[PDB]
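Chemist: One structure, as structure tokens, below. Some questions next.
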Protein chains: 2
Amino acid sequence: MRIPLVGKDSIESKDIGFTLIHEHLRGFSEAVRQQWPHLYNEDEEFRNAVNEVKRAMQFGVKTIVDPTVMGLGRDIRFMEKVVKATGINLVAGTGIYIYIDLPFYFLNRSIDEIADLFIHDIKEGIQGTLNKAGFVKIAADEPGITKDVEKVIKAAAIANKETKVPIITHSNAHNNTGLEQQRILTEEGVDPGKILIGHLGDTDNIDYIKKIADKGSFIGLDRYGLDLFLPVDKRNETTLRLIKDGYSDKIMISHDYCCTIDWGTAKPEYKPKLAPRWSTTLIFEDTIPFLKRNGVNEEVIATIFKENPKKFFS
Amino acid sequence: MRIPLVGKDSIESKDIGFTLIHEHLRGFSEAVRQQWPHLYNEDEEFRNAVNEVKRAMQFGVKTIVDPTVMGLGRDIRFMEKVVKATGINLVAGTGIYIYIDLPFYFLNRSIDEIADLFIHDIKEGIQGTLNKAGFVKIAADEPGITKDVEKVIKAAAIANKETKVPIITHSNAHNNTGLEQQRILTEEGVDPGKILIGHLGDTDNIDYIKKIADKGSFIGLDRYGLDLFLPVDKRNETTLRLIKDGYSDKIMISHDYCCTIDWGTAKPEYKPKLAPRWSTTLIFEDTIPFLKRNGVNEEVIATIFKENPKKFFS
Ligand SMILES: [Co+2]
Ligand SMILES: [Co+2]
Ligand SMILES: [Fe+3]
Ligand SMILES: [Fe+3]
């Protein structure tokens, strides 16, 4: 009974089944939602999340891993409601999503104190419930590895060493942050196979992606549908190249779809080809059909969506 | 009926009486409190806030202005409970407290959209209640006037122009941020007399303080008891010098006391003289007795604590 599930008994990692490793039922900025609730509609967010999860389940998804944590509006009670309405296996996490500095709370606080928060969520439960965290989520982006970003990385390592839960990262695919996260974590004693370096699908720089995979970590081809980062076709070409080059056992695929997100995200670009529908099921409509008619067999699909998550959580 | 009060009918500004212009019933980081509620005890925070307010009232305080806004954990329902328990006049505000960047919500959003949030709080009410905001709070600190800090400044100007509520600032007394806030606001058409430039009591640089006062704005000698910024005696000397130099009609005094604050704030320094008790009443124990036995008459006290707030909110 290794993996805790929101609203359910824990499961053995071998029973995780077909998994989407990086999806968000909902995201928001905690301070904005607290201060201006008039901007939000929880009933709509709930409806949208339930509908997305149901669609994923209709394609055979058994488990969704949701790396919404501090900074993205994690809400374990909202999550448990979606579980009750759908029956999905849902893995919640702990961690901190920042790009530059920690909240003012953390002034004069140690890396140990930060890790203690993560361990609290893993061992005791999230937000005053008995729903426990099954992984740690950390981030770095365009600002790089700042002092406070590094603190969070080292705290995640402590949590992994104490509880053995894996680590999912957010990185910027064009500035070495993913490579740096992997290096810092492994220097702290984290098993490379317990790390998913996120958002590498945002680049077609295959040498960079392979470098991280070759160092032992999973590679997150995890933003299918977000053309602003990289178009689906380019992603598909990169995914296919990696598969034919033998990297199936390191590849993890997801959409990073946010059923609701409060970010402005408002600047449209129209290409010759119709824009694909970003959702939690685009890979079933586009990517997986594309791979199969390019000779990718069922065993590859099982490796990516079943065996790799199983290993990650083992 | 100019000034809205939490949990009460609005009052005419002439009836504000003896006012503490900058105190916090409670402060916290919204994201930390949402994610790790185990760190907090609302019952203790409530008890502490009620006790502080009652002590202030025993010294004749009629009105407390609380500039807790987004980023500091504003909670209008907590505030209204404290009002019900004490009978204080409490002025709540709107605004955004940041030093560098806005929350991710604000990506791709306009200054107008930001101002709309402030105007919502002023005209419609705070956090889904009919308690309206009576001023706007903005901040800048060691990072200076960043792009996002400037956005918030300009949004506050829009809110002031539309609703006539005054503006309270947080500044860093040693890096010209206060002067910059004043200049940017006045360039946008804000009356200088509708601005309180905060935290100027943190410096003994009297020329800098006078420069801001001379440009028409109130000067915040507003952190009595926070010796880490400037010891009470040095503050008292600066306050006295300003009074004897004729700046009573620009001076505003407060403690910036946070009945509870979640910041680490953990690094003690011990001086030869016993550390004064930082609270919402230290000025009644130390500062005001000090001024009086230095020849400062009752009319000065009335100017600072009654006439100046009256003007500010008129
Ligand atoms: Co991410
Ligand atoms: Co301040
Ligand atoms: Fe994500
Ligand atoms: Fe303050």
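Per deposition record, X-ray crystallography, 1.5 Å.
From the backbone N, Cα and C atoms, a Cβ is placed for every residue, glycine too.
What Swiss-Prot shows for this protein is this:
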BINDING   A:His22, A:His24, A:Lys137, A:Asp256  Fe cation binding site
BINDING   A:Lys137, A:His170, A:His199  Co(2+) binding site
MOD_RES   A:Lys137  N6-carboxylysine
Chemist: Would you count the other C-beta atoms found within 10 angstroms of the C-beta of A:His199 (Co(2+) binding site) for me?
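Modeler: Within a 10 Å radius of the Cβ of A:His199 (Co(2+) binding site) lie 26 other Cβ atoms.
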Chemist: Can you list, in sequence order, the residues of the same chain other than A:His22, A:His24, A:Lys137, A:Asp256 whose CB lies within 8 Å of the CB centroid of the Fe cation site?
Modeler: A:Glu23, A:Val65, A:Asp66, A:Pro67, A:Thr68, A:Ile168, A:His170, A:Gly198, A:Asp222, A:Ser254
Chemist: Looking at Cβ-Cβ distances, which residues of the chain lie under 8 angstroms from A:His24 (Fe cation binding site) while being 6 or more apart from it?
Modeler: A:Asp66, A:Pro67, A:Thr68, A:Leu72, A:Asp256, A:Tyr257, A:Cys258, A:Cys259, A:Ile261
Chemist: Which of the binding-site residues A:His22, A:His24, A:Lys137, A:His170 have a Cβ less than 6 Å from any atom of ligand 1?
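Modeler: Only A:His170 qualify.
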Chemist: Under 6 Å from ligand 3 by Cβ, which binding-site residues from A:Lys137, A:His199, A:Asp256?
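Modeler: Going through A:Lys137, A:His199, A:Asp256 in sequence order, those close to ligand 3 turn out to be A:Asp256.
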Chemist: Around the Co(2+) site (A:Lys137, A:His170, A:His199), what further same-chain residues have their C-beta within 8 angstroms of the site's C-beta centre?
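Modeler: Near the Co(2+) site, the remaining chain residues are A:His22, A:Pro67, A:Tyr97, A:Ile138, A:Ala139, A:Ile168, A:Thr169, A:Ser171, A:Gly198, A:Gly220.
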Chemist: Using C-alpha atoms only, work out the spacing between A:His170 (Co(2+) binding site) and A:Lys137 (Fe cation binding site) and round it to an integer in Å.
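Modeler: Here the two Cα atoms are 8 Å apart.
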Chemist: Report the same-chain neighbours of A:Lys137 (Fe cation binding site): residues 6+ apart in sequence with Cβ closer than 8 Å to its Cβ, ordered by sequence.
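Modeler: Non-local contacts for A:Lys137 (Fe cation binding site): A:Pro67, A:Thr68, A:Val69, A:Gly93, A:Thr94, A:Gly95, A:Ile96, A:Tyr97, A:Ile167, A:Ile168, A:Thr169, A:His170.
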Chemist: Within the chain of A:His22 (Fe cation binding site), which residues six or more apart in sequence place their C-beta under 8 angstroms from its C-beta?
Modeler: A:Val65, A:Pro67, A:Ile168, A:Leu196, A:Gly198, A:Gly220, A:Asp222, A:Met252, A:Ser254, A:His255, A:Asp256
